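Here you get one chain, nothing else, as structure tokens; it is the form solved without (5S)-5-amino-3-OXO-hexanoic acid.
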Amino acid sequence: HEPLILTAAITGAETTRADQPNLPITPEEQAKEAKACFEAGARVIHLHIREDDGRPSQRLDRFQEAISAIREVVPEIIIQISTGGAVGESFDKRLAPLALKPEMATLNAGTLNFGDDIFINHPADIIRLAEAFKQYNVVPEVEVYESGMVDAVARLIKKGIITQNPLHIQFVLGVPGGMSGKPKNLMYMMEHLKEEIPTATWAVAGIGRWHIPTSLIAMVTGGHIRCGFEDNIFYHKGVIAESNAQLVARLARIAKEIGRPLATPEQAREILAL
């Protein structure tokens, strides 16, 4: 019965147009998808940007273009920019777009092996990013891939480095190298978070095949849900999705079947302390 906030992670850094022909790459494509997602029930867009050639971008001008396009089509949507970017990107380039003063942005809470590579978040870089969030008055969404990252975040809170309260945690489950999205895991994580950061709220992203199991557990445990091509390009096993909005709409339908209302924009901002 608690409202449900749906996030659409519409582009990401890695997904190709060859694999997912409906992948939005340009600001205009991203705005069109954001409108469809909003109408389907999404209240947050998790935003990565691309150059026209499809390579990942960290350019401030390009971020401003995408943010402006999305805002103009759906002024009420929450635009959450990524500070993760493409694995391997320099930390300075990942941090810089906070200067655009978005409403929300991601804050990655640890390092992990990530497929064939390593997604690096050095402890000193986490601290400097956390300080930049404060300086630009941006509300973090803290990305957690493993149990230990919750404790790490709790220590940064204790030290006064992360002062946001309530803090919003995004469990990102199913990375090869990170915690999987099996139900035991999501239950463990929400309970672990409740022990360590009792006032934190949470959402879950389930990569690939973990999208459905994470979503259905979150539905009935008060959690919020992320979906989209950044995490999963398939609507069913072996069946490419038509759009990010198709993925959002399924979650909206399930919420309607079970009687869990979707958050209004106002409710989403209240819950996320925006």
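Residue indices: 1-based, along the sequence shown.
Only in words, not in the display: the form deposited with (5S)-5-amino-3-OXO-hexanoic acid bound, which the text now covers.
Candidate site formed by 46, 106 and 119: every one of these residues places a non-hydrogen atom within 4.5 angstroms of (5S)-5-amino-3-OXO-hexanoic acid in the bound PDB entry. A single residue from the set 266, 257, 19, 14 has any heavy atom within 4.5 angstroms of (5S)-5-amino-3-OXO-hexanoic acid in the bound PDB entry; that residue is 14. You can rule out all but one of 194-202, 68-76, 158-166, 82-90: in the bound PDB entry, only 82-90 has residues with a heavy atom within 4.5 Å of (5S)-5-amino-3-OXO-hexanoic acid. Contact annotation for residue 33: none of its heavy atoms lies within 4.5 Å of (5S)-5-amino-3-OXO-hexanoic acid in the bound PDB entry.
Residue contact with (5S)-5-amino-3-OXO-hexanoic acid in the bound PDB entry: residue 133 places no heavy atom within 4.5 Å of it.
For the partner-free chain shown, 143, 145 of 141-155 come within 4.5 angstroms of (5S)-5-amino-3-OXO-hexanoic acid in the bound PDB entry, judged by any non-hydrogen atom.
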